[PDB]
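Letters go in sequence order (proteins before strands), and every chain restarts at 1.
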Amino acid sequence: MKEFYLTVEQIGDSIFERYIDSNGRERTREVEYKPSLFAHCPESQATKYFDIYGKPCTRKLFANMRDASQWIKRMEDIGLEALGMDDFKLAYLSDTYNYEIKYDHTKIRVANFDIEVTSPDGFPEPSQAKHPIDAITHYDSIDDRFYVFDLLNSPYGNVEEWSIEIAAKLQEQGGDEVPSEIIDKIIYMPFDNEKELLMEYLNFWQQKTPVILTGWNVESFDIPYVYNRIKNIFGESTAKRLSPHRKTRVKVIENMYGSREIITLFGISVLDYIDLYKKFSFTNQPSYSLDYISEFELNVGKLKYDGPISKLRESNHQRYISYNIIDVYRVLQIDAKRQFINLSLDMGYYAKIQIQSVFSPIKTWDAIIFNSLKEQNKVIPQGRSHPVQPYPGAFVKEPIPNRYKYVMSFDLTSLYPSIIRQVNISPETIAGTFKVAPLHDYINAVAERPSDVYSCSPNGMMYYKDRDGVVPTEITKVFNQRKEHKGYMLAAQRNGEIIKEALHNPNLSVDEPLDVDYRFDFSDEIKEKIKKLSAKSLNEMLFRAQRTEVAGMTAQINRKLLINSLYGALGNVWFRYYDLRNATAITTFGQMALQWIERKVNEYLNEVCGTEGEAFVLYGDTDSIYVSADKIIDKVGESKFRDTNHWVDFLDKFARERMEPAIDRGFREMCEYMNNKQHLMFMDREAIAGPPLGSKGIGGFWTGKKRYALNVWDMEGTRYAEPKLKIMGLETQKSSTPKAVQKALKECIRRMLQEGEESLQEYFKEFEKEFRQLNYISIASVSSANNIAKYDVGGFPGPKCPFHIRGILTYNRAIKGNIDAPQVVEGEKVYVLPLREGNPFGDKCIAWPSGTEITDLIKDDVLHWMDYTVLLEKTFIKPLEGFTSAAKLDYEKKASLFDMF
DNA sequence: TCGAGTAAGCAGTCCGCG
DNA sequence: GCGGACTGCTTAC
Ligand SMILES: O=c1ccn([C@H]2C[C@H](O)[C@@H](COP(=O)(O)NP(=O)(O)OP(=O)(O)O)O2)c(=O)[nH]1
Ligand SMILES: [Ca+2]
Ligand SMILES: [Ca+2]
Ligand SMILES: [Ca+2]
Ligand SMILES: [Ca+2]
Ligand SMILES: [Ca+2]
Ligand SMILES: [Ca+2]
């Protein structure tokens with residue numbers, strides 16, 4: 001086994017490293033690492049070190065890390081560049097692990113924990129830690145055990161021991177339904193007092209010191225609470241035992257309007273699962289409570305209890321502890337599905353960074369590029385201060401709002417990374433500039449050729465063609481990695497569709513799911529056996545295929561995120577390689593590429609249709625074009641098709657065999673025009689959309705930029721068992737839209753696209769008639785709530801107070817004098833409802849914490865005074881009116897001459 | 001919302017528009 | 001009543 005690091009820290013002149021040694025054992029060492037930095041030197045040297053621009057450098061070896069840091073300072077005092085990796089632990093890792101790191105996750109201690117704190121006087125602030133910690137559940141991945149630390153005696157009540165036998169029992173037996181698969185993995189430890197609980201927890205921690213530390217809100221709540229509580233009871237030295245190097249720092253986390261405190265534990269890598277989820281899930285949720293996210297991800301039921309959480313330990317300690325254990329398990333279940341810890345480990349070891357730095361693509365890419373350059377004895381430039389400046393982005397075509405019956409979309413492969421590679425865009429490949437023509441002139445190929453020597457972008461930048469830049473080289477590596485995982489994702493998706501088809505005809509038999517790899521397209525043999533399976537086995541297979549698809553999605557979309565973020569880092573002032581010339585070279589080239597191929601596709605289709613100046617491309621955004629295929633379908637005639645799948649096959653074949661070759665030809669000419677290094681503009685068919693054959697469905701519609709809906713039959717080679725709605729930007733897709741209204745609007749759209757106007761009209765009439773019966777949470781709007789205090793003038797709305805903030809102020813007055821009532825937290829999300837005139841709350845709306853039932857204090861009154869008429873008009877009718885007017889149809893039947901019959 | 005980027009939509013406030 | 005100027009928020013890419 002090759003060695004690999006677990007954690008690394010700088011503490012003064014020492015590097016403290018935890019690592020796995022060649023024998024698979026965890027070790028710790030302190031190293032008096034002597035860093036090197038670099039200065040430019042005269043050309044007449046015998047040096048082996050050169051900067052990225054090929055200027056010679058001399059290496060300066062320092063007695064210690066403080067000397068190196070002091071030197072950087074003095075070089076600024078003198079006004080000269082201090083080159084090299086200034087984050088010395090990254091240089092340490094580069095020197096100590098000078099090879100592609102192979103890590104073994106079974107040796108990495110991943111701890112998942114959650115604490116309970118009974119509090120009678122509101123939220124227990126971690127900075128005060130004034131209340132006893134009365135439960136800790138700590139799961140250790142190496143032991144595969146849930147360690148439960150239970151406080152039986154507290155100022156807030158003495159309780160009996162938790163019973164594992166009651167915990168395992170069904171809720172219908174009066175039990176807690178702790179999952180059978182973890183029952184034997186629980187190690188239960190009750191305590192007579194909190195001091196003993198905390199002392200044993202620290203002994204346990206010393207024995208099983210986390211490398212990766214996670215859980216839900218652990219960084220913002222559990223870790224600072226535990227640290228500060230131990231600090232209050234025992235003193236600082238004892239609290240610092242949470243760090244394997246006994247070093248901690250209170251860290252101030254700042255944002256635009258306020259700040260908060262977290263505890264940095266040296267030698268631990270904290271990856272709070274809420275933050276992994278927010279960065280890597282590609283969702284925007286109405287609530288980030290663990291209950292809400294667990295229900296969403298796992299389809300598990302909310303953990304039910306009577307009374308407020310502040311009284312749960314005293315009234316039902318049995319359930320209190322069982323729910324603490326279940327909470328820890330739910331995070332493990334979410335990670336089994338989403339695999340964000342696996343992702344973070346992969347990325348972190350790839351880049352050779354502290355694992356917690358995966359949250360920062362700037363840090364990640366700084367390390368990747370440094371390591372790549374170091375291999376060639378090249379020296380990275382010093383980071384510099386830059387003022388924040390706006391720069392231009394992508395092109396989005398203004399669509400004509402309309403219905404669109406048959407639509408084929410086409411999409412460029414990882415566009416911005418492909419532009420970087422094609423043009424060869426990198427800090428050290430800048431060759432110079434040329435005189436720019438208006439963009440229109442390049443799009444129409446009328447402008448003079450930018451260069452006969454260098455590779456160009458239409459922003460005026462020129463790049464060397466003799467060798468790949470470090471940015472192209474390194475982005476290519478991660479791009480290639482993504483390609484593999486996207487393959488697994490799509491195979492799993494196609495395999496899912498095979499199971500969905502078979503589920504129409506399930507055999508009557510007692511059966512087992514097939515032992516297969518869902519990452520690869522099912523063989524003919526597997527397909528034959530599937531057609532003979534029971535519904536029970538097929539559903540299990542479908543669940544497994546969909547889990548495989550999620551696994552692939554995580555791996556691929558987040559490698560996409562990483563490479564897109566290298567582009568974005570080029571336009572962030574804190575990146576070592578920040579350069580607006582390069583960031584703009586990418587975006588301006590993208591604008592040209594899309595509009596150039598719009599022209600080429602229009603020309604090609606006008607030719608094949610023997611027509612003049614017809615606009616076949618109806619829409620485009622960044623890297624995609626949407627093509628009207630009505631005329632292609634009409635040239636065959638609808639009556640000639642056997643079924644929907646027949647015309648879908650026809651369009652699929654037309655796109656692959658006819659359009660893609662012409663698109664390729666168009667892009668190769670563009671490459672020659674810009675004299676690029678390598679042709680990498682690969683635009684493939686994405687979606688095939690249209691109404692079911694013989695129906696009155698409209699197929700699709702656009703209301704404006706970034707707002708459209710399509711009935712899709714085939715997406716990137718996946719032929720759906722049932723057509724799938726692709727809806728972008730519309731209210732069905734927004735977390736701010738009420739849950740029941742997303743559902744209703746989606747059905748309105750389904751009916752529009754698949755069935756037609758009459759079907760839409762019958763559904764609307766029914767929804768309007770019944771909507772007042774819907775649960776208040778399902779019809780509440782959602783919003784983030786920032787700057788509550790800014791708009792709070794003596795408890796009332798100040799000038800220009802936002803609607804949702806107004807609601808929060810209404811809520812705050814209504815719960816005034818209640819320390820127990822849930823508080824709205826600055827920066828979190830709220831549910832919002834409008835209120836009828838003359839209500840007792842004194843205003844037109846009310847808001848309360850999202851993911852929660854409104855407190856019983858005011859629930860009855862909110863329900864009584866909820867303005868259903870305003871709710872319906874604003875969240876449902878207005879957007880529907882938008883969809884229908886765009887699609888040129890009516891959601892209500894207009895009067896006709898037949899009416900008098 | 002500590003953590004790569006820009007484009008661009010809609011809700012709502014304020015207030016003009018004879 | 002609707003638009004523009006503006007803030008706030010959320011989406012597409
Ligand atoms: O989060 C994003 C998304 C997109 N983009 C830019 C870069 C990207 O290459 C371009 C196109 O984005 P898409 O999301 O359409 N996907 P891309 O072409 O990168 O990859 P894929 O092959 O999946 O579409 O828009 C970002 O900068 N950040
Ligand atoms: Ca809890
Ligand atoms: Ca793409
Ligand atoms: Ca594609
Ligand atoms: Ca069958
Ligand atoms: Ca795309
Ligand atoms: Ca192709």
From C1'-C2'-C3'-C4' alone, north or south for the sugar of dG9(B)?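 Of the two classes, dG9(B) takes north, because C1'-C2'-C3'-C4' is positive.
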Can you tell me if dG5(B) puckers north or south, using the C1'-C2'-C3'-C4' torsion sign? north
Are [X] and [N] close enough that a side-chain N or O sits under 4.0 Å from OP1 or OP2?
{"X": "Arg260(A)", "N": "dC2(B)", "result": "yes"}
{"X": "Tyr277(A)", "N": "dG3(B)", "result": "no"}
{"X": "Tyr791(A)", "N": "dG8(C)", "result": "yes"}
{"X": "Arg707(A)", "N": "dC10(B)", "result": "yes"}
{"X": "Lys800(A)", "N": "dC14(B)", "result": "no"}
{"X": "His804(A)", "N": "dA11(B)", "result": "no"}
{"X": "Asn255(A)", "N": "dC2(B)", "result": "yes"}
{"X": "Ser360(A)", "N": "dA4(B)", "result": "yes"}
{"X": "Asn786(A)", "N": "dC9(C)", "result": "yes"}
{"X": "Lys790(A)", "N": "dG8(C)", "result": "yes"}

For atom [atom1] of [X] and atom [atom2] of [N], their distance in whole Å:
{"X": "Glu826(A)", "N": "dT1(B)", "atom1": "CD", "atom2": "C1'", "answer": "9 Å"}
{"X": "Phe575(A)", "N": "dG5(B)", "atom1": "CZ", "atom2": "P", "answer": "12 Å"}
{"X": "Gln591(A)", "N": "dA8(B)", "atom1": "CD", "atom2": "P", "answer": "9 Å"}
{"X": "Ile563(A)", "N": "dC13(C)", "atom1": "CD1", "atom2": "P", "answer": "17 Å"}
{"X": "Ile419(A)", "N": "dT6(B)", "atom1": "CD1", "atom2": "P", "answer": "16 Å"}

Proximity to the side chain of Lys734(A) - top-ranked nucleotide from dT10(C), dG5(B), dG8(C):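 So the side chain of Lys734(A) is nearest to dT10(C).
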Side-chain contact check for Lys829(A): nearest option of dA7(B), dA12(C), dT10(C) is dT10(C)
Assign [X] to base, sugar-phosphate, or nothing according to its heavy-atom contacts below 4.0 angstrom with the strands shown.
{"X": "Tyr708(A)", "answer": "sugar-phosphate"}
{"X": "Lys278(A)", "answer": "nothing"}
{"X": "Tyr391(A)", "answer": "sugar-phosphate"}
{"X": "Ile362(A)", "answer": "sugar-phosphate"}
{"X": "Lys844(A)", "answer": "sugar-phosphate"}
{"X": "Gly568(A)", "answer": "base"}
{"X": "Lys560(A)", "answer": "nothing"}
{"X": "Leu561(A)", "answer": "base"}
{"X": "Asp623(A)", "answer": "sugar-phosphate"}
{"X": "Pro879(A)", "answer": "nothing"}
{"X": "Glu254(A)", "answer": "sugar-phosphate"}
{"X": "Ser735(A)", "answer": "sugar-phosphate"}
{"X": "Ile262(A)", "answer": "base"}

Report yes if some heavy atom in the side chain of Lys706(A) is under 4.5 Å from a heavy atom in the side chain of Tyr619(A); otherwise report no. yes
For residues 790-806 of chain A, which residue pairs pass the salt bridge (charged side-chain N to carboxylate O under 4.0 Å, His left out) check, not counting sequence neighbours? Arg806(A)-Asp843(A)
I'd like to know if the side chain of [X] pairs up with that of [Y] as donor and acceptor (distance under 3.5 Å, no hydrogens or angles considered).
{"X": "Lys278(A)", "Y": "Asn284(A)", "value": "no"}
{"X": "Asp335(A)", "Y": "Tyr273(A)", "value": "yes"}
{"X": "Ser781(A)", "Y": "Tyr831(A)", "value": "no"}
{"X": "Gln356(A)", "Y": "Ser269(A)", "value": "yes"}
{"X": "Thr554(A)", "Y": "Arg338(A)", "value": "no"}

Hey, which sits more toward the 5' end of DNA chain B by its nearest nucleotide, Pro799(A) or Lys878(A)?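 Upstream on the strand: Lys878(A).
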Between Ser565(A) and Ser784(A), which residue's closest nucleotide on DNA chain B lies nearer the 5′ terminus? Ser784(A)
Suppose you measure atom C1' in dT1(B) against the same atom in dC9(C); what distance do you get, rounded to whole Å?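 Those two atoms are separated by 13 Å.
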Is any side-chain N or O of [X] under 3.5 Å from a base N or O of [N], one able to act as donor and the other as acceptor?
{"X": "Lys706(A)", "N": "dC13(C)", "result": "no"}
{"X": "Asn284(A)", "N": "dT10(C)", "result": "no"}
{"X": "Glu219(A)", "N": "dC2(B)", "result": "yes"}

Are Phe803(A) and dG12(B) stacked, counting the six-membered base ring, centres under 5.5 Å, planes under 30°?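 Whether judged by distance or by angle, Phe803(A) falls short somewhere, so it does not stack on the base of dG12(B).
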Taking the nucleotide of DNA chain C with the closest heavy atom to each, which residue, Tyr257(A) or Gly729(A), is nearer the 5' end?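 Result: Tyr257(A).
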Can you see whether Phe370(A) has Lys352(A) sitting over its ring - NZ or CZ less than 6.0 Å from the centre and within 45° of the normal?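 Geometry flag: not set, cation outside 6.0 Å or 45°.
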